[PDB]
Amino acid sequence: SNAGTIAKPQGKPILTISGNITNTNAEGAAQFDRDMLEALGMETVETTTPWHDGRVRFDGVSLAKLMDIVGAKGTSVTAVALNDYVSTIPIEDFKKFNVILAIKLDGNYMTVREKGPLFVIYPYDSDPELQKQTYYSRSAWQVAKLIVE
């Protein structure tokens, strides 16, 4: 069903959240353009990563907030990337850690060649627990879809 409890996007959708959710703006899905994501509030994560040179600044939307916006009912979300990557992420990670869906890198929007437009980012250098392949594997870049189960 389409609850119609989230506004329809005015620009091109860059993220579709679907599955075991409550709040939608399409059949069984919540479509978001970049303006809608920025409007939810931008959070900052500064960290080194396995893929970047030195400490970089990511700005993006809290994934815990996105799960609350769509009324996620499940405990698992599958990220699907533009490049075909599929990554299952326990939703509890988003709360425990400041995980963000990054939109900007060092103050600039990320192109597809820069792992954008959306990139799941954990604050790796904030806790030795996060400096592990478990969380690097959950850090899906070029995210297009989040399927809640």
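All residue numbers refer to positions in the sequence shown, first residue = 1.
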item	value
Between 123-131 and 9-17 (mean CA B-factor, as deposited), the higher	9-17
99-107 versus 80-88 - which carries the larger mean C-alpha B factor in the record	99-107
Among modelled residues of the same chain, the CA temperature factor third for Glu27	highest
Chain-relative CA temperature factor third for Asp93	lowest
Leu63 - which third its CA temperature factor falls in, relative to the rest of the chain	lowest
